[PDB]
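As C-alpha cells, the structure follows; a few thoughts come after it.
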Amino acid sequence: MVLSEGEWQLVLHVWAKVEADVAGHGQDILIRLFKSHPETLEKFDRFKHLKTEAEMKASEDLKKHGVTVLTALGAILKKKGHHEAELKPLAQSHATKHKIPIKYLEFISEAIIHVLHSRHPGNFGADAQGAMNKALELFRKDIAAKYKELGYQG
Ligand code: HEM
C-alpha cells in the first residue's frame, strides 16, 4: 500500500497532539488494550500480575513502557512509509522473543484508534481516522511480511 501525502498529513497532525502528552496517551492505550483483550496482558511477564485498572494506572513501570512503545511507533510514522530499518529490530524481538501474533497487533491498533477518537475528536474525524487506520494497516502488513522472513508468520 501507499499513503498519499494528504493522508500522511492527517496522521502526523493528530500525532503531534499525542506528542504533547506521550506518557498519558501510552498509558491509556495499553490499559485499553489489556481491558479489551485480557489475553494480551498474559504476554507481558512484568505486568501479568496487575488485577485491576486502578492497579494498571498506578504502575509506574507500565507508564514507562507506554512511552517506549509510543516513541517507537512515532518514529515509524514520521518516516511516512520509508521505515524498513526501524521495522527490523522491532519485528525480530516481537516475533522471536516476545512471540506476538499479528492478531494482537490488530488489537492494539484498535486501542490506538479508540483513544485518539476519545481524546482528539476535532482532529480525528472520519477522514483522519481512515488515514490513521491506513497507516497502521501498512505497518501491520510490513511487519507480517518481516515475520514470514524471520520464520514466524505468527
Ligand atoms: C504499535 C505496536 C507495537 C510497538 C511499536 C511495540 C514496541 C515495543 C518496544 C519498542 C519495546 C521494547 C523493545 C523490544 O523488546 O523490542 C516492546 C517490548 C515488548 N512488547 Fe511491543 N510493541 C508493539 C505491539 C506489542 C503488542 C501488541 C504486544 C503484546 C500483546 C507487545 C508485547 C511486548 C512485550 C512482551 C515486550 C517486552 C516488555 C518488557 O517486559 O520489557 N508489543 N514493544
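In the C-alpha cells, each chain is lettered A, B, ... as it comes, each chain's residues begin at 1, and ligands are numbered from 1 in order of appearance.
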Please produce, as a tab-separated table, a per-residue contact table for chain A versus ligand 1 (criterion: any atom at most 8 Å away, only C-alpha atoms and all ligand atoms considered), showing the nearest atom pair and its distance in Å to one decimal, sorted by chain then residue number.
```
residue	atom	partner	partner_atom_place_in_ligand_line	distance
A:39	CA	ligand 1	30 (C)	7.9
A:40	CA	ligand 1	30 (C)	4.2
A:41	CA	ligand 1	30 (C)	6.4
A:42	CA	ligand 1	30 (C)	7.9
A:43	CA	ligand 1	35 (C)	5.0
A:44	CA	ligand 1	35 (C)	4.3
A:45	CA	ligand 1	40 (O)	6.0
A:46	CA	ligand 1	40 (O)	5.3
A:47	CA	ligand 1	40 (O)	7.8
A:65	CA	ligand 1	41 (O)	7.1
A:68	CA	ligand 1	10 (C)	5.4
A:69	CA	ligand 1	7 (C)	4.2
A:70	CA	ligand 1	5 (C)	6.4
A:71	CA	ligand 1	10 (C)	7.4
A:72	CA	ligand 1	10 (C)	5.1
A:73	CA	ligand 1	5 (C)	4.3
A:89	CA	ligand 1	16 (O)	6.6
A:90	CA	ligand 1	16 (O)	5.0
A:91	CA	ligand 1	16 (O)	7.7
A:92	CA	ligand 1	16 (O)	7.6
A:93	CA	ligand 1	16 (O)	4.8
A:94	CA	ligand 1	16 (O)	6.1
A:97	CA	ligand 1	15 (O)	7.7
A:98	CA	ligand 1	35 (C)	4.7
A:99	CA	ligand 1	35 (C)	7.6
A:100	CA	ligand 1	29 (C)	5.6
A:101	CA	ligand 1	27 (C)	7.9
A:102	CA	ligand 1	27 (C)	8.0
A:104	CA	ligand 1	27 (C)	4.7
A:105	CA	ligand 1	27 (C)	4.3
A:106	CA	ligand 1	27 (C)	7.5
A:107	CA	ligand 1	27 (C)	6.8
A:108	CA	ligand 1	27 (C)	5.3
A:109	CA	ligand 1	1 (C)	6.6
```
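Considering only C-alpha atoms, the residue among A:62, A:143, A:54, A:112 positioned nearest to residue 124 (chain A) is A:112.
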Option closest in space to residue 17 (chain A), from A:74, A:96, A:80, A:137 [counting only C-alpha atoms]: A:74
Best match for closeness to residue 33 (chain A) among A:111, A:150, A:126, A:10, counting only C-alpha atoms: A:111
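Proximity ranking of A:115, A:58, A:77, A:30 relative to residue 135 (chain A) places A:77 first, based on only C-alpha atoms.
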Residues of chain A in alpha helix (DSSP H) according to DSSP, as a ChimeraX atom specification? /A:5-18,22-36,53-58,60-77,84-92,102-119,126-150
Just C-alpha atoms for this one: save the residues we selected as a short mmCIF file (atom, residue, chain, number, x, y, z; two decimals), in the first residue's frame.
```
data_model
loop_
_atom_site.label_atom_id
_atom_site.label_comp_id
_atom_site.auth_asym_id
_atom_site.auth_seq_id
_atom_site.Cartn_x
_atom_site.Cartn_y
_atom_site.Cartn_z
CA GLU A 5 0.85 12.90 1.22
CA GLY A 6 -2.61 14.29 2.29
CA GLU A 7 -3.21 11.11 4.33
CA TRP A 8 0.25 11.26 5.96
CA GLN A 9 -0.57 14.84 6.88
CA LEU A 10 -3.79 13.84 8.66
CA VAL A 11 -1.76 11.15 10.56
CA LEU A 12 1.07 13.49 11.58
CA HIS A 13 -1.33 16.27 12.50
CA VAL A 14 -3.14 14.20 15.14
CA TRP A 15 0.14 12.56 16.16
CA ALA A 16 1.56 16.00 17.02
CA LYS A 17 -1.24 16.36 19.58
CA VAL A 18 -0.46 12.91 21.01
CA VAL A 22 3.20 10.85 25.45
CA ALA A 23 3.10 9.08 28.81
CA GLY A 24 -0.60 9.82 29.28
CA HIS A 25 -1.57 8.50 25.84
CA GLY A 26 0.73 5.44 26.26
CA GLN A 27 -1.00 4.61 29.48
CA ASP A 28 -4.49 4.98 28.04
CA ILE A 29 -3.72 2.80 25.05
CA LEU A 30 -2.04 -0.10 26.95
CA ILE A 31 -4.79 -0.13 29.52
CA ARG A 32 -7.46 -0.04 26.80
CA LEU A 33 -5.74 -2.98 25.14
CA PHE A 34 -5.49 -5.04 28.41
CA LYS A 35 -9.04 -4.34 29.38
CA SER A 36 -10.47 -5.03 25.96
CA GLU A 53 -7.41 -0.82 36.01
CA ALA A 54 -6.58 1.09 39.14
CA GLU A 55 -3.56 -1.08 39.59
CA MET A 56 -2.55 -0.57 35.96
CA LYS A 57 -2.95 3.14 36.33
CA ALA A 58 -0.71 3.23 39.32
CA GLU A 60 5.00 3.36 37.05
CA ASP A 61 6.72 0.66 35.01
CA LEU A 62 3.65 0.32 32.80
CA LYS A 63 3.60 4.02 32.11
CA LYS A 64 7.32 4.00 31.25
CA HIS A 65 6.80 1.17 28.83
CA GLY A 66 3.86 3.00 27.19
CA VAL A 67 6.32 5.83 26.45
CA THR A 68 8.81 3.42 24.93
CA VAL A 69 6.06 1.92 22.72
CA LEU A 70 4.66 5.22 21.52
CA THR A 71 8.08 6.66 20.91
CA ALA A 72 8.95 3.73 18.65
CA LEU A 73 5.60 3.92 16.76
CA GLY A 74 6.01 7.70 16.39
CA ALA A 75 9.47 7.25 14.80
CA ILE A 76 7.96 4.80 12.31
CA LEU A 77 5.06 7.04 11.36
CA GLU A 84 12.31 -0.57 6.68
CA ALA A 85 15.17 -0.01 9.05
CA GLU A 86 13.04 0.84 12.05
CA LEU A 87 10.88 -2.16 11.40
CA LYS A 88 13.70 -4.73 11.52
CA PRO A 89 14.68 -4.80 15.22
CA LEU A 90 11.01 -4.48 16.10
CA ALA A 91 9.86 -7.40 14.04
CA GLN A 92 12.75 -9.57 15.30
CA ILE A 102 -0.39 -10.40 14.11
CA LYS A 103 -3.82 -10.75 15.63
CA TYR A 104 -2.57 -8.88 18.74
CA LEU A 105 -1.12 -6.01 16.67
CA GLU A 106 -4.58 -5.60 15.20
CA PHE A 107 -5.95 -5.39 18.81
CA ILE A 108 -3.51 -2.67 19.74
CA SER A 109 -4.24 -0.77 16.54
CA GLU A 110 -7.91 -0.71 17.62
CA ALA A 111 -6.92 0.60 21.06
CA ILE A 112 -4.86 3.38 19.45
CA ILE A 113 -7.76 4.41 17.29
CA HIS A 114 -10.22 4.26 20.23
CA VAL A 115 -8.08 6.51 22.39
CA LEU A 116 -7.39 9.19 19.68
CA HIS A 117 -11.02 9.23 18.90
CA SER A 118 -11.88 9.91 22.56
CA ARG A 119 -9.10 12.45 23.24
CA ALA A 126 -13.70 10.18 9.55
CA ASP A 127 -11.07 11.12 7.04
CA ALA A 128 -8.29 11.39 9.62
CA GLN A 129 -9.36 8.10 11.20
CA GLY A 130 -9.33 6.50 7.72
CA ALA A 131 -5.79 7.81 7.20
CA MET A 132 -4.54 6.53 10.61
CA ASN A 133 -6.11 3.13 10.00
CA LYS A 134 -4.37 3.05 6.61
CA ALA A 135 -1.02 3.92 8.24
CA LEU A 136 -1.43 1.12 10.83
CA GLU A 137 -2.56 -1.43 8.23
CA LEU A 138 0.59 -0.52 6.25
CA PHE A 139 2.65 -1.09 9.44
CA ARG A 140 0.98 -4.48 10.21
CA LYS A 141 1.39 -5.65 6.58
CA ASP A 142 5.10 -4.81 6.53
CA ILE A 143 5.60 -6.35 9.98
CA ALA A 144 3.71 -9.53 8.88
CA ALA A 145 5.98 -9.77 5.83
CA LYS A 146 9.00 -9.45 8.11
CA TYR A 147 7.64 -12.10 10.41
CA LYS A 148 7.45 -14.51 7.50
CA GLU A 149 11.08 -13.84 6.52
CA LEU A 150 12.11 -14.39 10.13
#
```
CA of residue 38 (chain A) to CA of residue 59 (chain A), straight-line distance in Å: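 According to the coordinates, CA of residue 59 (chain A) and CA of residue 38 (chain A) are separated by 16.9 Å.
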